[PDB]
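Notes to accompany the following structure.
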Amino acid sequence: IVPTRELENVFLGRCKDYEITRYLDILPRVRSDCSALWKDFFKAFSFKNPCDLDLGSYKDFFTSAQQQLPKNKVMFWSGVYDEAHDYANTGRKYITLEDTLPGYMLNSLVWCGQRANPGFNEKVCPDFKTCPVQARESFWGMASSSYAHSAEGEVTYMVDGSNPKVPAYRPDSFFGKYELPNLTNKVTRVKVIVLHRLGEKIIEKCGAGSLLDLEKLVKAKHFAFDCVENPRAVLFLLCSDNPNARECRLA
Amino acid sequence: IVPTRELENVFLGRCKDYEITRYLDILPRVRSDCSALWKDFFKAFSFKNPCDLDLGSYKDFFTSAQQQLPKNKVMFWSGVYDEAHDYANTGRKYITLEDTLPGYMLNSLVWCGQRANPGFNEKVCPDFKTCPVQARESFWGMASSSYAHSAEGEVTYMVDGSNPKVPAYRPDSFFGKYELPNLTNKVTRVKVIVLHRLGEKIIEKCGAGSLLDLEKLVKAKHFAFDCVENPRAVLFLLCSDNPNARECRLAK
Ligand SMILES: *[C@H]1O[C@H](COP(=O)(O)OP(=O)(O)OC[C@H]2O[C@@H](n3cnc4c(N)ncnc43)[C@H](O)[C@@H]2O)[C@@H](O)[C@@H]1F
Ligand SMILES: *[C@H]1O[C@H](COP(=O)(O)OP(=O)(O)OC[C@H]2O[C@@H](n3cnc4c(N)ncnc43)[C@H](O)[C@@H]2O)[C@@H](O)[C@@H]1F
């Protein structure tokens, strides 16, 4: 595992690119400049062993970088990365973490502390499995919480309903750990979209199994709940990438 | 018209992010560093009246910034930007100009030279619909030529087939003026995709009108040629935006 080259430059360029040209009509600018954001980011991990972090490490970075989020537009997802992002459509239909400023700046990047100068490793980072969970999950854990905590109105949640190993919904997922429990009374409704991958056994449905657990979880938060399996707009995206599938048949 | 603010820092930040993180398994890095590429880009329009630009103003920029392009992967489009970009899918199915370094760096950006210091106008840029052709198309003109010149194998051309005012193929489109003519014998085939927008009149069709005109040109340059209208993978894409259109009806 090799850390990203020139982390600062990459960070600052993405930041600046975003500030000036990305999501102008879709998401707000943040107060802080890019240097202030770098400093809040860099201090969370710098000059410490790579496993020396906890859930508060990136807090200041997150307070600074957190945008207000448009009401009704926030998408969550589990095990269906590509499909959620394709349906969300780079912010035209839904917002994901990746469209926000910090998710955008840190997407796919690899970084870690070391004690010795220059304060970070330029060679190798530990496998995440070696660090305690609080350190391992310090960045995306906090990013997940911050993003969820900012959601207003309706929220959408896309899941895999054809994984035989992994339930559609799980408390131990990032959604289960950081997102759902952090949704505030500004949220009105959790709309689930269940993906049944084309040509695969259907494993989970609305009203059954882990989806029934979710339903209950949600009502107890006092939100409203709906659930739908392969709605047509999602179905159609699945079918462009597999047009010969039985599910994508005309006439 | 309003120029992009902090043009240099946008260019530079864009170029470094692309360099270290973008399209890594899809598109080659260029030899030249970001700093150098700013220079070639700046010198091209800097310290000249805006309309004082020609086909060759950005030739040095493009030499430095041109990447080789994966065979069978390049896509050109005319009149159907969003669909073509959606269908190409950020370089996974096809590559577009805006997936390339120069395309990625300058996409959306707005800029212009002035005679006086600092040589560019951070405050205003003329209605470029008022500059001479060669000067208004000086930048994307060169980009398109260079892109086309770098294309290898089969190329795809997606076109609007439901436009009564604008032929699917014209010799004065960016395609007709700068791409088609710059297709080298590295190219073997032009595969035309015709977009019949959902619930509009079909205007053009494979083998008639401008398309037959296109087909004749392509074969003259000794490439192979084919053409389809709304292939299913494209249809399905359009239907996601308009699920209740007549032409997206599905089986019982
Ligand atoms: C916040 O959380 C969920 C996504 O995580 P889940 O565990 O619910 O879903 P899953 O597919 O099982 O996890 C995939 C892993 O990828 C990581 N991840 C999330 N976001 C990013 C970005 N931008 N870059 C790289 N990795 C990312 C997670 O940490 C998971 O471990 C979403 O609804 C919200 F994003
Ligand atoms: C090279 O060009 C074509 C796209 O241009 P066409 O003129 O063939 O198609 P149309 O949709 O009618 O016109 C696009 C016009 O916009 C300019 N342009 C092309 N690409 C850009 C970018 N990235 N930013 C701003 N303007 C752009 C052209 O000047 C056209 O006049 C594609 O096949 C190739 F990319």
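The sequence lines fix the lettering, A, B, ..., with proteins before strands; numbering per chain opens at 1. Worth knowing before you read on, the calculation uses all heavy atoms, side chains too, and leaves out hydrogens, waters and symmetry mates. Read the numbers this way: they start at 1 and go in the same order the structure lists the ligands and their atoms.
The closest side-chain donor-acceptor pair between B:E137 and B:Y178 falls under 3.5 angstrom. No hydrogens or angles considered: nothing links the side chains of B:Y23 and B:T100 as a donor-acceptor pair under 3.5 Å.
Residues that satisfy the salt bridge (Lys or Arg N to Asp or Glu O under 4.0 Å) test with B:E8, not counting sequence neighbours, are absent from this structure. Applying the salt bridge (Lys or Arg N to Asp or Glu O under 4.0 Å) rule to A:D40 yields the partners A:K43; only residues at least two apart in sequence or on another chain are considered.
Ordered by chain and residue number, the residues placing a heavy atom less than 4.0 Å from ligand 2 are B:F76, B:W77, B:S78, B:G79, B:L97, B:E98, B:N107, B:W140, B:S144, B:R170, B:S173, B:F174, B:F175, B:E179.
Within the structure, every pair that satisfies the salt bridge (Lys or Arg N to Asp or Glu O under 4.0 Å) test and touches residues 80-104 of chain B, not counting sequence neighbours, is listed here: B:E83-B:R197.
Ring-plane geometry between A:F120 and A:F42 is classed as perpendicular, the angle between the planes exceeding 60 degrees on a 0 to 90 degree scale with a lower cut at 30.
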